[PDB]
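**Student:** Just dropping in an experimental structure and the matching sequence.
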Amino acid sequence: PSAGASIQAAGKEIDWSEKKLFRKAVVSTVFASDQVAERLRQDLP
Amino acid sequence: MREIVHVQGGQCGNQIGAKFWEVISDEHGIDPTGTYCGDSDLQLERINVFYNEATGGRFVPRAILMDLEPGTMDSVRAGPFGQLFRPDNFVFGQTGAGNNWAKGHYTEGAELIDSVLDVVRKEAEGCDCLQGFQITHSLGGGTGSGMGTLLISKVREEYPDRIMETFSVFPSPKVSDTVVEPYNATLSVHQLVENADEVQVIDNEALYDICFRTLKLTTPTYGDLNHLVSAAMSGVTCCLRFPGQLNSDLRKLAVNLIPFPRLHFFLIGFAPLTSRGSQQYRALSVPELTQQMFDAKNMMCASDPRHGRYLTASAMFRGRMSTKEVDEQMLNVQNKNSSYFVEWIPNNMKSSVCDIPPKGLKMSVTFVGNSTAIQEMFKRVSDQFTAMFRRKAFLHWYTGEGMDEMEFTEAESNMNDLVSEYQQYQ
Amino acid sequence: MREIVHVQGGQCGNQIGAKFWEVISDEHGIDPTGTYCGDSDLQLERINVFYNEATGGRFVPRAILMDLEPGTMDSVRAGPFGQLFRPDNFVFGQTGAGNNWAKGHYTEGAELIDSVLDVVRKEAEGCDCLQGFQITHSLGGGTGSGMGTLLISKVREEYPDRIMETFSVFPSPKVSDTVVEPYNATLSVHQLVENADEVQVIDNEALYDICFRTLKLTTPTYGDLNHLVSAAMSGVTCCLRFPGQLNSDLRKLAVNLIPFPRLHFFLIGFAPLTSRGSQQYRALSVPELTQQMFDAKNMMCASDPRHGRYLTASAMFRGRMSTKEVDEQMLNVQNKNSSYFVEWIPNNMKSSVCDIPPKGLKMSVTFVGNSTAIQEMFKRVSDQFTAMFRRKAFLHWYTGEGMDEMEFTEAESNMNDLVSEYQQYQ
Amino acid sequence: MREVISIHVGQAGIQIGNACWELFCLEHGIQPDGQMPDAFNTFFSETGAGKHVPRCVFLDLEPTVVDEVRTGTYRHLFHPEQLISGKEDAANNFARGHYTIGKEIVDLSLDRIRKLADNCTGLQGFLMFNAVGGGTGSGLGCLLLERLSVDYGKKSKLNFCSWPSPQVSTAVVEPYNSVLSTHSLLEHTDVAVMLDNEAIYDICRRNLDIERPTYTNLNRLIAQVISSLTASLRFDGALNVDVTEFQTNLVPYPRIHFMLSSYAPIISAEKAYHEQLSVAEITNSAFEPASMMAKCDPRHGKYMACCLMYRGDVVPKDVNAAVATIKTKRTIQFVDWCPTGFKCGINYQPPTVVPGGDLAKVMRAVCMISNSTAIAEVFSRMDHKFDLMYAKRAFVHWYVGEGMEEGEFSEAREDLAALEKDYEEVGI
Amino acid sequence: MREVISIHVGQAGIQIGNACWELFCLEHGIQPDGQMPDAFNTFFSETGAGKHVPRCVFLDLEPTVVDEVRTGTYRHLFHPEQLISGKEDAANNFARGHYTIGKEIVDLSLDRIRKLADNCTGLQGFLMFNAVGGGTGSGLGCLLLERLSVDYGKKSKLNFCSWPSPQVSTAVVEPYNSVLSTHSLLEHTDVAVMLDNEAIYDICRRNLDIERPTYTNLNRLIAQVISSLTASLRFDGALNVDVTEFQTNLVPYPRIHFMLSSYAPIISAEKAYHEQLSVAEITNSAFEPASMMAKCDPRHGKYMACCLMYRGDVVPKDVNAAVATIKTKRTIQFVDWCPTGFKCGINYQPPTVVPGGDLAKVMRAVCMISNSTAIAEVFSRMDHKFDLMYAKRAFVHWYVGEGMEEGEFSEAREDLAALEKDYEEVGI
Amino acid sequence: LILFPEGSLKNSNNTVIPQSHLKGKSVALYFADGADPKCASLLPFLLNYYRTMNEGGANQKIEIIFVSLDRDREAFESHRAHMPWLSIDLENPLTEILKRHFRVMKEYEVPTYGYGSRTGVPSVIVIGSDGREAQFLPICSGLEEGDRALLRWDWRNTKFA
Ligand SMILES: Nc1nc2c(ncn2[C@@H]2O[C@H](COP(=O)(O)OP(=O)(O)OP(=O)(O)O)[C@@H](O)[C@H]2O)c(=O)[nH]1
Ligand SMILES: Nc1nc2c(ncn2[C@@H]2O[C@H](COP(=O)(O)OP(=O)(O)OP(=O)(O)O)[C@@H](O)[C@H]2O)c(=O)[nH]1
Ligand SMILES: Nc1nc2c(ncn2[C@@H]2O[C@H](COP(=O)(O)OP(=O)(O)O)[C@@H](O)[C@H]2O)c(=O)[nH]1
Ligand SMILES: Nc1nc2c(ncn2[C@@H]2O[C@H](COP(=O)(O)OP(=O)(O)O)[C@@H](O)[C@H]2O)c(=O)[nH]1
Ligand SMILES: [Mg+2]
Ligand SMILES: [Mg+2]
């Protein structure tokens, strides 16, 4: 019985933390405005 | 005081809603941490129109972001100005509304409408009195035409005394995104005409033509369309939040611009718009802003207003300006091309001035009109609908969720006699 | 001047009063050893209502830990805040009930009931004049529903004027844990209905959906339910410990909640309940706490109040507040709900501002209401009872330890007699 | 504190106990010399300087299976006086074990059982590990259990039987002595958990990937079964199940108490890391028809009560979710007098693994023990088997020789004929 | 969250799965063991400490390709018992895959996909990959979709067939196999795109200059197609679509659900350098009447619906303007009643190239899933290939002597002919 | 303690590695004979298994050390040129000490070392830190299942720590 270093099978560390209603989302250039944001701002470079 | 509940729905609805809070927060000095960096009383003297203080100096918005699919909630929250809303108001489904009106209005939206209605009555019954709701759904697709219009019937019968404005995005059949657009459009007109009082039709062909021909941008994206729409969105409710000489709430737009209670689909266009070069050559004054808003390559509907007539109109002038030039310029347009302005209404339009201009600008106009050229919108989608319904095209889904053959014939009828009610006032 | 004698029954009772004696002890500033370690002189005023002072400066709780399994109090005495109790009132059995109602109320509980009634009356007879007793009995099991309810019968005759307020945990069928929970529950009801004063019913099912749909946590333990009930245990006894602007004790909750002398069973809520994400975005003032109080999801019973009338109530607000936002929101919800409110009573609401909130919290409230909508949770158990008992299933071990068959058919004869009684006031 | 005196009879019971007492030693770490290099007081009795001695009485009328464990590795753990042995084997014969060769050993076995039942406070049950397939297991098992009925009347007396499996049968007289032992299993036993060889044959090939296991590999599975059953008594955890409430949630009528069993995470370590053993996965693998360790399709007969022994790191709420998963499934049927049909227990320490065995590490396991009406055709298949040899009375002269008045076969015929007749009488 | 079980049946279905579960592994970052050095939720259930496993079953009634994956590189990416095999295959016969050898494999496969569907309720649909030109692919694939309808029914069942080619068939009995399996292909699947082999040979003969391609190259182009339909099913994107949004927007009538597929650009290193990839350029090469991947000229028919999956560095107005130029060309016709026949979906993630493969590192790609009346041609070649052999009952004694009887061959004829009259009555 | 001294452990192309180059890996000895039909049948399976394990991953997971039970040095090198993993020279008495420690002999038993149980040829056996046995892969044993008992390996729970 000296073999006590037998690591657990199936990586089951059940989620003690709260759930995540939000998953990662890459910020997209297509839904980011730019362009007309500075055209409706009278920038005058 | 008077609060405007914002009832974003669908992928198009939440994306234009996020940019709407991106153009209202920068006017109100709001950081996306709820704080206020600014030095004017004028930004918080009426902060209760769109923002609610929650016990920590944070002005969380009144926005009820919904859909039936778990994707575009994540894009908004992780996006810019995203960590400003309330996650309880991020009410969503888990399945996918696959451009199907039947399972957005009748079956799948039925088990989510009760939870969304709880959220909207949460932030609407606790106030002094609400001025009115504000939906920004899209009238093409599954949950925009579905879940978006389903609540419109439910909260109309719950509050049948208040203004209900809808920045609906009509489908573009010239070049489109789906095939079942005619079904998702005709089955949403007949309940947007009986349970709504200010529709604001927005086409994507206009959003693409006027960003490229007027603004002279080679490739401006979806968020660029969102900022163009949301610029008009802020300019309709400018007078509610910011003070002005001739103020105008949403009900003031309705009382002056609705000839008959069924004729309430409105054109809308924001009309200072110069290109990258012409920002230093154009002259910002009231006559030049007046000429732009009647010019058809400023219009955000892509139904040409000079093919029809003008029952009535309006222009929310926004900025410091002299008020004679507000109203003497409007008979310059009413007397020059009087072939459009109809004869059974003298001085067809409603002017208004809110003193605070939008950010960066000095003077802006938000032209809203009721022209009988939107009957061309209901004409080209009628062409799409009668070609498909005559051959029972794409039907087994819709008859699959229980809704049957009969209500197409009054969906066509409610749109056809709406065209006939625009023929006999031009 | 007032004293409460607390007895914990069953493995549920000795683990829900294990956390109750944690939450009320740091509310009075008590070390695990027993010394006073607090920040306010407003902790050491009514220590007498839950504690007895010992030699040396060490307060000992008035807690009789009552069970027949010895292993439960071994874990309590080894866990935190369990060595605070006096060892001589750890009245432990060794045989233990087999989740039988006969095991405790007729055999192998009756020899030990003299051991528990002697230690109960030792704490009880030493008093100025006590309010009464609180018992955390656990309908569905064998010891809390068994010998714990015989404590309810055999304390009522020695103290017939002192209150018999009692917290209960009924067995919900989808969170069922023992097949004979129908037999244990309905045998524990028909004795509790004639010997009790205030039965605060709690369900494990509705403890799950308040932590899954409001506290926003998926499967992270069972002790989350114990702490949520333990806030409600101390929220009702706010005036017996701390001063209040308006005062109400449990005898106040007797006259203003029980209309007729068989209307005992009450519904319990607690509603400053905020999730992790909505912590920054939620206003913790009085209007947002009176709406979650009456939110049917927040109630700790799966016995939906919208499916029934609503006789009386008591609003136990706990935090420094103005009384003139307590009570207009009582009449606001009473006018705006209307039909879900009994009609032969003008005001169905009670209010009592307690001046000192629990630590962390600025402001709290605990619902104690008497609604007819506990009829469906009772009738749900009665459907279970008529399942096995119609053919006499699982019955040869309730008749082998004493009992005849007559007390089973009497347990249902006064069961449906009560649910009909709750029903016809609707 | 608590203790459960184990009584093993027959070579199957002895070899099963060689794996069960193997595994109890390594759960709470106890070396074969008794020494450890309050939880041990469920199967061990501390006496002296760390000399933990088991609570068992070995029994066999032949000196071959228990002399061999005297010379093995447990000469010192198993203290050498309760390893009761005889000389003449009962030879697959009920009339030998229940009669002439066997009264000499009941007297000494009852002595050491009485010494083991009156040396620790509040004994809690008797786990018998018998073998109804032969001689000493069935014959001495029946006589001994009939004496415990009067010596301890109020007493819980769980059994663990190896019933003759349908196609596998290593002795031809198994159908006789199986029916002859129903008299000892119908009115003298509280819990009758049913095991047989060929179902634990199949449970190891398709799940543990051993195509040639042995009775060691079988008895490791049985040792896992009773370890989960007695894990709540020995150890601590939320919502414990005692032996006192074990039969209270499984035995509806005093005569129908024949249960079954299924384990769940029986996977070798290769295809155990490749599956996430969730609560819903292991409970549906438990209710799988092929996971019963009896030839019993649990679909020709409706369930009556279940006892799902979860153990390890399991939360008490997703157990309710997975139970609700089973309830809504139409392939797992229930009968109409049980809107609730589950009593579940939960331990906290993980299901142990034997170093050198066929199992892996999991901190979860469902040892569900269920009392269904589908146990009836296990007995009724033996009814047709018994009648085919009794018609012209072969293998009978031995029984009639050492006892067995002709008519005990007839009363055991009608005893087991009344047994399954109760079963379809209950479920309608 | 969202997930699809990818059933891989037959021998060609396994060989497609060998290519798809290499491109998907490179796309998600999964090692051949399973660890990584939350988009991995539609394909890879997290069964470990970073150790993923595909939600797929490898199914072939012949053991030789199943064991070859079991001894290959991805022998630990896959759970060992997900790879279900038999011993005798079906050899080129519908009724062997459907009846005799199919008893003993459907019970364990449908059990396994039940244990792959219980990990989440939010399953989008099932995929099934087969070759309807031979024994196991058509034979077991028919019986699989039969029983899949009596289990989860509203759940979508897609299909990526490997239909016989005009002159390429590499079998002699294949018109009997293909025609007689159309019944499962017409009443039990929802999306039924055709993919014959020598169209893909033509793709890597004109656009890749490979005069000597193998089956492993064809599977790579198929795997790139599967990656681009389910690119939206795991990632972000401007326009997001799931599997039910395909069917509602591409299938006009319930019987008309056989699709065609194209993918562009299929280009290599010597080509990609001298050419500018603009959205109009890729959609032009996708719409040309030779890039169709099952041998069906769209000029000999009328389009009914068209789904395009833009993927990578693509802006929406380059989609929205170049789709107009397609509509203006007279060589392509939409029939009468779909003058919005275009479902465009935009992703951000570029198509990942398998290193040392045959494709470039293109930043933008389109896959076509289109419906047309032109695919009366792909089923009418089976009309004179089946009926001309069937005139005097060729290759019939295998099928009738093995369970199926004569007459079911007749039933397949009006099943295909009712499909043929259906496509000609819709487009007029 | 030390199992393999400084000059004992040599891999392919004859470079000696010390004990330091072996942690983090699942280590087995492999007692095999050159002329033995069991070994000749088992060796391609061991080669393929070793190649798949130690090629498809982010770490070198398993590792095998050869020990010859053959007759001479030419038979050593003829066997040795076929395996790529570690090995011990036959003339080192370390092989004989491992033979006596792990009981893997070849029926020459009473002439020198007359104890009992035998565990014959071949034997791949996984080892640990202090040279203790961990688990036996049952090629020729009580399970006697050949050419697939290599799959009974447990690399995660047996590591040379
Ligand atoms: N599970 C299991 N069953 C066994 C084992 N050994 C024997 N059996 C079964 O026991 C049944 C017969 O009982 P035996 O143990 O062989 O003999 P007995 O009960 O001691 O009585 P005798 O016949 O007098 O030796 C057979 O059906 C065997 O299948 C074992 O090690 N494990
Ligand atoms: N695309 C593709 N098609 C293949 C491949 N291998 C075989 N096919 C096609 O499959 C058809 C023959 O069926 P197979 O897939 O070989 O085998 P089967 O129909 O599943 O029946 P079995 O051989 O018994 O398993 C022929 O039309 C082949 O052209 C492949 O690797 N890729
Ligand atoms: N103007 C604009 N249109 C959008 C946006 N997102 C999507 N759309 C349009 O919405 C149509 C597709 O509808 P969809 O979003 O799928 O409907 P849903 O079911 O409500 O999600 C397409 O024509 C898009 O052009 C946006 O951010 N702005
Ligand atoms: N809320 C709560 N419920 C519990 C707790 N412990 C057990 N329960 C449940 O309460 C029910 C009552 O059982 P109980 O009488 O206490 O068990 P017994 O002491 O063994 O007779 C059981 O079915 C448990 O599921 C706890 O700590 N808190
Ligand atoms: Mg034996
Ligand atoms: Mg083939």
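**Tutor:** Done, it's in. Numbering: from 1, shown residues only, chains lettered A, B, ... in the order given. Ligands and ions are numbered 1, 2, ... in the order given.

**Student:** Helices along chain F, start to end?
**Tutor:** F:37-55, F:73-80, F:94-102, F:110-113 (DSSP state H).

**Student:** which ones are touching the residue in the stretch 151-300 of chain D that ligand 5 sits nearest to?
**Tutor:** Nearest residue of the stretch 151-300 of chain D to ligand 5: residue D:215, at 8.4 Å (CB to the ion). Any C-beta I mention is one placed from the backbone N, CA and C, and that applies to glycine too. For residue D:215, the contact set (CB atoms under 8 Å, 6 or more residues apart in numbering or on different chains) comprises residue D:15.

**Student:** Those residues of the stretch 151-300 of chain D touching ligand 4, which are they?
**Tutor:** Taking CB under 6 Å from any ligand atom as the criterion, the stretch 151-300 of chain D approaches ligand 4 at residues residue D:239.

**Student:** Export the helices of chain F as a markdown table, with columns for mean neighbour count and distance to ligand 1.
**Tutor:** Output for these, formatted as a markdown table (neighbours: other CB atoms under 10 Å in any protein chain shown; distance: least, CB to the nearest ligand atom, whole Å):
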| stretch | mean neighbour count | distance to ligand 1 |
| --- | --- | --- |
| helix F:37-55 | 16 | 30 |
| helix F:73-80 | 15 | 42 |
| helix F:94-102 | 16 | 30 |
| helix F:110-113 | 9 | 34 |
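
**Student:** among these, which is nearest ligand 3?
**Tutor:** Ranking the helices of chain F by proximity to ligand 3 (CB to the nearest ligand atom) places helix F:37-55 first, at 45.4 Å.

**Student:** quick one on the thing from earlier: now render the helices of chain F as a markdown table, adding distance to ligand 2.
**Tutor:** Shown next, in a markdown table, are these (distance: least, CB to the nearest ligand atom, whole Å):
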| stretch | distance to ligand 2 |
| --- | --- |
| helix F:37-55 | 22 |
| helix F:73-80 | 39 |
| helix F:94-102 | 46 |
| helix F:110-113 | 55 |
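
**Student:** Residue D:167: which of those is closest?
**Tutor:** Closest approach to residue D:167 among the helices of chain F is made by helix F:37-55 (34.5 Å; CB to CB).

**Student:** is any part of the closest one close to chain D?
**Tutor:** No - using CB under 8 Å from any CB of the partner chain, helix F:37-55 never reaches chain D; the gap is at least 12.3 Å.

**Student:** Taking helix F:73-80 as reference, get the angle to that helix.
**Tutor:** Here helix F:37-55 runs at an angle of 40 degrees relative to helix F:73-80 (axes from the mean of the first three to the mean of the last three CA atoms, to 10 degrees).

**Student:** Run the chain-centre distance for helix F:37-55.
**Tutor:** Here helix F:37-55 shows a centroid-to-chain-centroid distance of 12 Å under the convention CA atoms, centre = their mean, to the nearest Å.

**Student:** swap in stretch B:403-418?
**Tutor:** Distance of stretch B:403-418 from the chain centroid (CA atoms, centre = their mean) equals 24 Å.

**Student:** Just the CA trace of it, in CSV.
**Tutor:** Extracted C-alpha coordinates of stretch B:403-418, given in CSV (Å, rounded to 0.1, in the frame of the first residue of the first chain):
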residue,chain,number,x,y,z
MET,B,403,-49.1,28.7,-37.1
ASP,B,404,-51.0,28.0,-40.2
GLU,B,405,-52.0,29.0,-43.7
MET,B,406,-54.7,31.5,-42.9
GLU,B,407,-52.8,34.4,-41.3
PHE,B,408,-50.6,34.9,-44.3
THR,B,409,-53.7,36.1,-46.2
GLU,B,410,-54.4,38.8,-43.6
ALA,B,411,-50.6,39.5,-43.4
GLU,B,412,-50.8,40.3,-47.1
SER,B,413,-54.1,42.1,-46.6
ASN,B,414,-52.9,44.3,-43.8
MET,B,415,-49.9,45.4,-45.8
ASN,B,416,-51.9,45.8,-49.1
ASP,B,417,-54.6,48.1,-47.6
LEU,B,418,-51.8,50.0,-45.9
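
**Student:** Give me the contact list for that stretch.
**Tutor:** Residues outside stretch B:403-418 that contact it (CB under 8 Å, 6+ apart) are B:102, B:106, B:186-187, B:189-190, B:193, B:262, B:375, B:378, B:381-382, B:385-386, B:389, B:399.

**Student:** List buried residues within the residues you listed.
**Tutor:** Buried members of the contacts of stretch B:403-418, counted by 16 or more other CB atoms under 10 Å in any protein chain shown: B:102, B:106, B:186-187, B:189-190, B:193, B:375, B:378, B:381-382, B:385, B:389.

**Student:** Those residues in helices, which ones?
**Tutor:** Applying DSSP H to these, the entries found in helices are B:102, B:186-187, B:189-190, B:378, B:381-382, B:385, B:389.

**Student:** Including distance to chain A, could these go into a markdown table?
**Tutor:** Listed next are those as a markdown table, based on distance: CB to the nearest CB, whole Å:
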| residue | distance to chain A |
| --- | --- |
| B:102 | 28 |
| B:186 | 29 |
| B:187 | 28 |
| B:189 | 28 |
| B:190 | 31 |
| B:378 | 29 |
| B:381 | 26 |
| B:382 | 32 |
| B:385 | 30 |
| B:389 | 34 |
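
**Student:** Of the residues you listed, just say which sits nearest to chain D.
**Tutor:** The shortest approach to chain D among these belongs to residue B:102, at 26.8 Å (CB to the nearest CB).

**Student:** Burial check on the nearest residue to residue D:86 once chain neighbours are set aside, number of neighbours?
**Tutor:** Excluding its sequence neighbours, the residue lying closest to residue D:86 (CB to CB, 6 or more residues apart in numbering or on different chains) is residue D:61, at 3.8 Å. By the criterion of other CB atoms under 10 Å in any protein chain shown, residue D:61 has 25 neighbours.
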